[PDB]
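Read through the structure below, which is laid out as structure tokens, and then see the notes.
For neighbour counting, all protein chains shown are included, and Cβ atoms are generated from backbone atoms with ideal geometry for every residue, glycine included. The values are calculated or read from the model by the stated rules, or taken from the named source; these are not laboratory values.
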Amino acid sequence: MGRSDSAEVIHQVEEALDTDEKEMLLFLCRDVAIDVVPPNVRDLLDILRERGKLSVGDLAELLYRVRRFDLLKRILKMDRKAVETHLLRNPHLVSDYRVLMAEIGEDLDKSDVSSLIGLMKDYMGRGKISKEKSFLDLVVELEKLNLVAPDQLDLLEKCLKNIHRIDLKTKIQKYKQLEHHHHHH
Amino acid sequence: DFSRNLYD
């Protein structure tokens, strides 16, 4: 309803994103939407628009995580370098917790993911885990085991540190220090 | 940004 040409912009980005990238959108907006959206992910953005929570800046952030600087130029005419300085302020439409996990996974390469699994075996004890699963999948995997919680990570920093990824560890610290969001019912 | 986001 409300027609608006904003629907067209939303539709176009869905087609451009790969099935792998499309998963990230659900993950990032997972907190915002309890998967209330029908099976089609196209409707995911549609329901967000209705809530009025869909900001263009958010779309820029969403496209950036999936490493789609190319689409930024075509859809929002946003410079790739502009995103780097813009995100410097580290603004988040939704809790940084969900974005933090997606962003970190993006930084890690395929080899890094495999190495991370071995570290997880010691704590996980060899649970339902495989190299096939992506970094994003690993994040939700830990949720079942309740080894990682929004207000308590600890384990995440240790494993990443082993991979000699100080930058990732630093980003996590920002999140922990960003717990004073003063958000409550 | 925010100035390069308004693009919609």
query = Can you pull out the residues in region A:40-59 that are over 19 Å from residue B:7 (Cα atoms), part of a helix (DSSP H, G or I) and over 17 Å from the mean Cα position of the chain (by Cα)?
reply = A:42, A:43, A:47, A:51
message = Can you tell me which residue is farthest from residue A:101 (Cα to Cα) among those in region A:1-53 that are within 14 Å of another protein chain (Cβ to nearest Cβ) and among the charged types (D, E, K, R)?
response = A:5
Unmet criterion (only one of (1) over 22 Å from residue A:26 (Cβ atoms); (2) exposed (fewer than 12 other Cβ atoms within 10 Å of the Cβ); (3) free of Cβ contacts under 8 Å to residues at least 12 places away in the same chain) for residue A:161 = (2)
request  = Specify which of the listed residues (A:114, A:134) is within 22 Å of residue A:24 (Cβ to Cβ), hydroxyl-bearing (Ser, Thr, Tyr) and without any contact (Cβ under 8 Å) to a residue 24 or more places away in the chain.
outcome  = A:114
ask   = Considering only helices (runs of 4 or more DSSP H) fully contained in region A:92-168, which possess at least 1 residues that are farther than 28 Å from residue A:33 by Cα, acidic (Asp, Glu) and in the same structural domain as residue A:178 (by CATH)?
value = A:110-124
remark   = Checked region A:156-185 for anything under 16 Å from residue A:118 (Cα atoms) and touching a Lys or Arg at 6+ places or on another chain (Cβ under 7 Å); matches are A:157, A:160, A:161
request  = Kindly indicate whether any position in region A:66-89 is more than 11 Å from every other protein chain (Cβ to nearest Cβ), crowded, with 18+ Cβ neighbours inside 10 Å and under 24 Å from residue A:172 (Cβ atoms).
outcome  = yes
